[PDB]
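Worksheet: one structure, shown below.
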Amino acid sequence: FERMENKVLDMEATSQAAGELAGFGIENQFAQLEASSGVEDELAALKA
Amino acid sequence: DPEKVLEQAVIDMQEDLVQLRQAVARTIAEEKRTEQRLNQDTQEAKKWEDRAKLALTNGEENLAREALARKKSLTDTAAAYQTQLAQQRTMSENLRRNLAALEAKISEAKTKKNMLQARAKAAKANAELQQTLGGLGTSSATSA
């Protein structure tokens, strides 16, 4: 449990270290992907 | 040369912003590790509450009050780690906002200097052409 909890603290430090830099455009790209998915559902409604 | 001086200043700023990325990555690890600590302390507080429920089922009020005192100690310790976490969260965001501001300032400074250098070189070249074209031909015609 001592070794495992030290690896949990290493995973919290790793999760901070990834999360603290990773502010990106990609969230707005996922909003464009949801808009494109909405166009494919409108094309499916047109086919129906 | 001011061009070499401002390029070196921008290079020094790359070292400083890389140290600020290291400070963000450190602070990210501290907030994640202190979250992990309070998360496991609150899970142990549930285990000690269940130890009190078993003691109360057996009629051992002495063991139940001791187990509840362990629950109290663990939830107070998790509140101490949540208080420290709040300091790591505000520091993490402060370093992040300072990094975004520093990167923007470097980019603007370098591009404004680059266009000013190009305009200054054209201005001196135009002035040099006025000095060479302005003197010639007149002394040639007078000498002839």
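Scheme for the structure tokens: letters A, B, ... for chains in order shown; per-chain residue numbers from 1; ligand numbers from 1 in order shown.
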List every residue of chain A that has an atom at most 10 Å from any atom of chain B, giving for each one its closest atom pair and the distance in Å to one decimal, counting only C-alpha atoms, sorted by chain and then by ascending residue number, as CSV.
```
residue,atom,partner,partner_atom,distance
A:5,CA,B:37,CA,8.6
A:6,CA,B:33,CA,9.1
A:7,CA,B:33,CA,9.7
A:8,CA,B:36,CA,6.8
A:9,CA,B:33,CA,4.4
A:10,CA,B:33,CA,7.1
A:11,CA,B:33,CA,7.5
A:12,CA,B:32,CA,3.6
A:13,CA,B:29,CA,2.5
A:14,CA,B:29,CA,5.6
A:15,CA,B:32,CA,6.3
A:16,CA,B:28,CA,3.2
A:17,CA,B:25,CA,3.9
A:18,CA,B:25,CA,7.2
A:19,CA,B:28,CA,7.0
A:20,CA,B:28,CA,5.8
A:21,CA,B:21,CA,7.3
A:23,CA,B:96,CA,9.5
```
Which residues come within 7 Å of residue 38 (chain B), counting only C-alpha atoms, excluding same-chain residues fewer than 5 positions away, as a PDB file with N, CA and C atoms, in the first residue's frame?
```pdb
ATOM      1  N   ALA B  78      -8.586  15.361   5.566  1.00  0.00           N
ATOM      2  CA  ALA B  78      -9.035  15.602   4.197  1.00  0.00           C
ATOM      3  C   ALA B  78      -9.419  17.076   3.954  1.00  0.00           C
ATOM      4  N   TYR B  81      -6.048  18.859   3.554  1.00  0.00           N
ATOM      5  CA  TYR B  81      -5.594  18.607   2.180  1.00  0.00           C
ATOM      6  C   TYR B  81      -6.436  19.340   1.121  1.00  0.00           C
ATOM      7  N   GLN B  82      -7.740  19.556   1.326  1.00  0.00           N
ATOM      8  CA  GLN B  82      -8.587  20.398   0.460  1.00  0.00           C
ATOM      9  C   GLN B  82      -8.210  21.891   0.569  1.00  0.00           C
TER      10      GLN B  82
END
```
> Residues at most 12 Å from region 106-117 of chain B, counting only C-alpha atoms, excluding those fewer than 4 positions away in the same chain, as a PyMOL selection string?
Replying inline: chain B and resi 1-14+16-17+99-102+121-124
Could those residues be written to a file, using N, CA, C and O atoms, as a short mmCIF file (atom, residue, chain, number, x, y, z; two decimals), in the first residue's frame?
```cif
data_model
loop_
_atom_site.label_atom_id
_atom_site.label_comp_id
_atom_site.auth_asym_id
_atom_site.auth_seq_id
_atom_site.Cartn_x
_atom_site.Cartn_y
_atom_site.Cartn_z
N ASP B 1 24.70 45.88 -31.52
CA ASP B 1 23.59 45.92 -32.50
C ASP B 1 22.26 45.65 -31.80
O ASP B 1 22.12 44.61 -31.15
N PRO B 2 21.24 46.52 -31.94
CA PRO B 2 19.96 46.36 -31.24
C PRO B 2 19.20 45.11 -31.69
O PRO B 2 18.53 44.48 -30.88
N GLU B 3 19.34 44.70 -32.96
CA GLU B 3 18.76 43.47 -33.51
C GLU B 3 19.25 42.21 -32.79
O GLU B 3 18.48 41.33 -32.42
N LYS B 4 20.57 42.13 -32.54
CA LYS B 4 21.19 41.01 -31.81
C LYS B 4 20.81 41.02 -30.34
O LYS B 4 20.52 39.97 -29.77
N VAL B 5 20.75 42.21 -29.72
CA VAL B 5 20.34 42.38 -28.33
C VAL B 5 18.89 41.94 -28.11
O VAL B 5 18.63 41.16 -27.19
N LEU B 6 17.94 42.37 -28.96
CA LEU B 6 16.54 41.97 -28.82
C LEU B 6 16.32 40.48 -29.14
O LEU B 6 15.52 39.84 -28.47
N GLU B 7 17.06 39.90 -30.09
CA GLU B 7 17.04 38.46 -30.32
C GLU B 7 17.52 37.68 -29.08
O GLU B 7 16.86 36.73 -28.66
N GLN B 8 18.61 38.11 -28.45
CA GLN B 8 19.11 37.48 -27.22
C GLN B 8 18.11 37.63 -26.06
O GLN B 8 17.88 36.67 -25.33
N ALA B 9 17.47 38.79 -25.91
CA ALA B 9 16.43 38.99 -24.90
C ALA B 9 15.26 38.00 -25.10
O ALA B 9 14.80 37.37 -24.14
N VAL B 10 14.81 37.82 -26.34
CA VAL B 10 13.77 36.83 -26.67
C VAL B 10 14.23 35.39 -26.40
O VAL B 10 13.42 34.58 -25.93
N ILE B 11 15.50 35.06 -26.63
CA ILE B 11 16.08 33.74 -26.30
C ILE B 11 16.10 33.51 -24.77
O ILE B 11 15.64 32.46 -24.30
N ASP B 12 16.52 34.49 -23.98
CA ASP B 12 16.46 34.44 -22.51
C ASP B 12 15.02 34.22 -22.01
O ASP B 12 14.76 33.40 -21.12
N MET B 13 14.05 34.89 -22.64
CA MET B 13 12.62 34.70 -22.37
C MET B 13 12.15 33.27 -22.70
O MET B 13 11.27 32.77 -22.01
N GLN B 14 12.73 32.58 -23.70
CA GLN B 14 12.42 31.16 -23.93
C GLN B 14 12.85 30.30 -22.74
O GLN B 14 12.14 29.37 -22.36
N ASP B 16 13.10 31.34 -19.53
CA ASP B 16 12.16 31.71 -18.47
C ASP B 16 10.78 31.08 -18.65
O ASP B 16 10.22 30.53 -17.70
N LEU B 17 10.21 31.09 -19.86
CA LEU B 17 8.90 30.48 -20.11
C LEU B 17 8.95 28.95 -20.01
O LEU B 17 7.98 28.33 -19.57
N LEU B 99 1.97 32.46 -17.98
CA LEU B 99 2.58 31.86 -19.16
C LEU B 99 1.91 32.36 -20.45
O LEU B 99 2.61 32.80 -21.36
N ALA B 100 0.58 32.37 -20.51
CA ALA B 100 -0.15 32.87 -21.67
C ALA B 100 0.15 34.35 -21.96
O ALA B 100 0.37 34.73 -23.11
N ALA B 101 0.21 35.18 -20.92
CA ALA B 101 0.59 36.59 -21.04
C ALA B 101 2.03 36.76 -21.53
O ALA B 101 2.28 37.56 -22.43
N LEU B 102 2.98 36.01 -20.97
CA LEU B 102 4.39 36.06 -21.34
C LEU B 102 4.60 35.67 -22.82
O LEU B 102 5.23 36.41 -23.57
N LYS B 121 15.66 49.81 -42.70
CA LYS B 121 16.59 49.43 -43.78
C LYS B 121 16.19 50.02 -45.13
O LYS B 121 17.04 50.55 -45.85
N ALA B 122 14.90 50.02 -45.45
CA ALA B 122 14.38 50.71 -46.64
C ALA B 122 14.58 52.23 -46.58
O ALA B 122 15.00 52.85 -47.55
N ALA B 123 14.33 52.85 -45.42
CA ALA B 123 14.52 54.28 -45.22
C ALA B 123 15.99 54.71 -45.41
O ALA B 123 16.26 55.67 -46.14
N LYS B 124 16.95 53.99 -44.82
CA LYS B 124 18.38 54.30 -45.04
C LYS B 124 18.82 54.05 -46.48
O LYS B 124 19.60 54.83 -47.00
#
```
> Between CA of residue 20 (chain B) and CA of residue 98 (chain B), what is the spacing in Å?
Replying inline: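 About the pair CA of residue 98 (chain B) and CA of residue 20 (chain B): they are 8.3 Å apart.
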> Neighbours of residue 72 (chain B) within 12 Å (only C-alpha atoms; same-chain residues fewer than 3 positions away dropped), as a ChimeraX atom specification?
Replying inline: /B:41-42,44-46,48-49,65-69,75-79
>> What's the separation between CA of residue 103 (chain B) and CA of residue 18 (chain B), in Å to one decimal place?
In response: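 Between CA of residue 103 (chain B) and CA of residue 18 (chain B) the gap works out to 10.6 Å.
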